Amino acid sequence: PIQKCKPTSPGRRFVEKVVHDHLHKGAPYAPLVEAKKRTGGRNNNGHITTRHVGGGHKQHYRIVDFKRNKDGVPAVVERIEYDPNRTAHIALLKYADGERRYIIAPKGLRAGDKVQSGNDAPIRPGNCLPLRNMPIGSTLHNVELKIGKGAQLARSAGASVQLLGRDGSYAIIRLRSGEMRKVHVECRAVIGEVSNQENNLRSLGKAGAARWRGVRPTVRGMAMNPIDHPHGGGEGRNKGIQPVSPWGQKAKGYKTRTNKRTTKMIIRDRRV
RNA sequence: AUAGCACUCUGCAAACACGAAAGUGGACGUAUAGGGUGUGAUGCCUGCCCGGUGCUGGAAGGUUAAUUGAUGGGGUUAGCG
């Protein structure tokens with residue numbers, strides 16, 4: 001319903017959040033949780049390689065089953081949980097033999113629903129099948145690119161791709177960016193669309209909200225000195241230059257793709 | 001600086017950054033995500049110009065590198081005188 005908070009304080013005036021009353025409220029499933037540590041955007045040389053990263057709340061990693069290789073064994077959904085590592089919700093699955101796993105929760109999936117994976121899985125949301133066995137025209141998520149590697153495409157909240165056709169050994173899918181591309185027909189995908197589709201309707205409201213998520217402030221190149229940035233310098237406000245990055249790469253319209261090994265797998269570019 | 005806004009790049013062995021390389025951060029993330037740029041709650045709004053510079057997409061005419069080596073011109077001497 002997208003609640004807007006009442007302006008009892010200026011930092012609260014513009015806060016907009018979402019309720020999801022069906023999410024589990026207790027602790028996560030301990031055997032599938034492992035420790036994670038903050039990096040600060042620094043690599044093994046100790047240098048900053050990604051600016052504006054640091055701080056934020058402490059988080060545990062949730063072991064999510066992207067491969068879905070427990071074939072032929074039906075499972076039931078126990079609960080839906082909030083995952084701090086991503087924008088989608090996760091679903092805890094209990095299989096018929098007692099094992100428990102985590103999966104990306106499709107939209108509409110609730111406690112008590114049944115899921116399955118394999119060639120003969122029924123066509124239901126949350127079921128995992130090879131693209132060869134998927135009906136043409138369906139909407140899918142968690143698309144896998146290499147056989148046996150697991151889902152890589154369309155995993156964020158509200159994600160989905162469309163299966164437009166399947167010719168030869170390659171299926172044709174349209175991605176959310178607008179790109180049409182081929183995927184080998186033995187790669188697997190999941191029926192349905194990713195949950196939490198209202199994720200992008202939230203408003204943080206204040207700087208502290210971003211600080212809680214671990215984003216440090218961005219400083220414009222215009223505000224610097226010439227030694228720091230190509231945009232730096234000048235008396236007063238003046239741009240006087242075609243915009244570039246701190247390392248001199250143009251920022252408005254200049255294309256940066258250089259890979260030549262995967263070019264054959266893209267059939268229609270989305271006007272990059 | 002900021003929440004909010006917009007443009008733009010990036011299909012994942014992602015773009016981007018560090019490094020001589022191996023490798024590492026991005027991210028144990030996957031376009032509702034990540035980087036760069038500008039503007040700066042909110043209300044009402046945001047007009048005209050693509051000639052210049054840049055960017056993006058065309059075109060296969062003119063010009064042009066290495067490479068290749070057709071011809072022509074000389075040096076030398078067996079011989080003829």
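No hydrogens, no waters, no symmetry mates; every other heavy atom, side chains included, goes into these values. All chains are named by letter (A, B, ...) in the order of the sequence lines, taking the proteins before the strands, and each is independently numbered beginning at 1.
Nucleotides B:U46 and B:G57 place their P atoms 32 Å apart, quoted to the nearest Å. If you take atom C1' in B:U2 and the same atom in B:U42, they sit 15 Å apart, rounded to whole Å. Using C1' as the reference atom, B:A22 and B:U64 are 41 Å apart when rounded to the nearest Å. The gap from the P atom of B:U30 to that of B:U8 amounts to 24 Å, rounded to the nearest Å. For the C1' atoms, the distance linking B:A65 with B:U37 amounts to 38 Å, nearest Å. When the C1' atom is compared between B:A60 and B:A21, the two are found 42 Å apart, to the nearest whole Å. Nucleotides B:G11 and B:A33 are separated by 12 Å at their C1' atoms, to the nearest Å.
With its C1'-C2'-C3'-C4' torsion below zero, B:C12 shows a south sugar pucker. In terms of the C1'-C2'-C3'-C4' torsion, B:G72 has a north-puckered sugar. The angle is above zero. Judged by the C1'-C2'-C3'-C4' torsion, the sugar of B:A78 sits on the north side, since the angle is positive. Sugar pucker of B:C5: north, as indicated by a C1'-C2'-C3'-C4' torsion of positive sign. Sugar pucker at B:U10: north, on the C3'-endo side, as the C1'-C2'-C3'-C4' dihedral is above zero.
Not a single donor-acceptor pair under 3.5 Å links the side chain of A:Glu179 to the backbone N or O of A:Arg270. Between the side chain of A:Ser203 and the main chain of A:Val15, no donor-acceptor pair closer than 3.5 Å is present. Of the possible donor and acceptor atoms, none in the side chain of A:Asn199 sits under 3.5 Å from a partner among the backbone N and O of A:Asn196.
The existence of a salt bridge linking A:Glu186 and A:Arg132 is confirmed by a sub-4.0 Å separation between a basic side-chain nitrogen and an acidic carboxylate oxygen. Under a 4.0 Å N-O distance rule, the pair A:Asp83/A:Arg86 qualifies as a salt bridge. With salt bridges taken as basic N to acidic carboxylate O contacts below 4.0 Å, one links A:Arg101 and A:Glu99. Here A:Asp71 pairs with A:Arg188 in a salt bridge; the nearest charged N to carboxylate O distance falls below 4.0 Å. The residues A:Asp269 and A:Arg181 are annotated as not salt-bridged, no charged nitrogen and carboxylate oxygen being separated by less than 4.0 angstrom. For the pair A:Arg79 and A:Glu81, the salt-bridge criterion is met [side-chain N within less than 4.0 Å of a carboxylate O].
Here A:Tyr82 and A:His89 keep their ring centres 6.0 angstrom or further from each other.
Looking at which nucleotide of RNA chain B each of A:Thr87 and A:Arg202 is closest to, the 5′-most match is held by A:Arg202. A residue-by-residue look at A:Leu145 and A:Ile104 shows that A:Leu145 has its nearest nucleotide of RNA chain B further toward the 5' end.
Stem list for RNA chain B (at least 3 consecutive Watson-Crick or G-U pairs, distances under 3.5 Å): B:4-10 with B:33-39, B:16-18 with B:23-25.
Using a cut-off of 5.5 angstrom for ring-centre distance and 30 degrees for interplanar angle, B:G40 is classed as not stacked on B:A41. Legend: stacked base step between B:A17 and B:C18; six-membered ring centres less than 5.5 Å apart, planes less than 30° apart. Adjacent nucleotides B:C44 and B:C45 meet the stacking criterion of ring centres closer than 5.5 angstrom and planes inclined by less than 30 degrees.
Taking a heavy-atom distance under 4.0 Å as the criterion, the stretch of RNA chain B touched by chain A extends 5' to 3' from B:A1 to B:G57.
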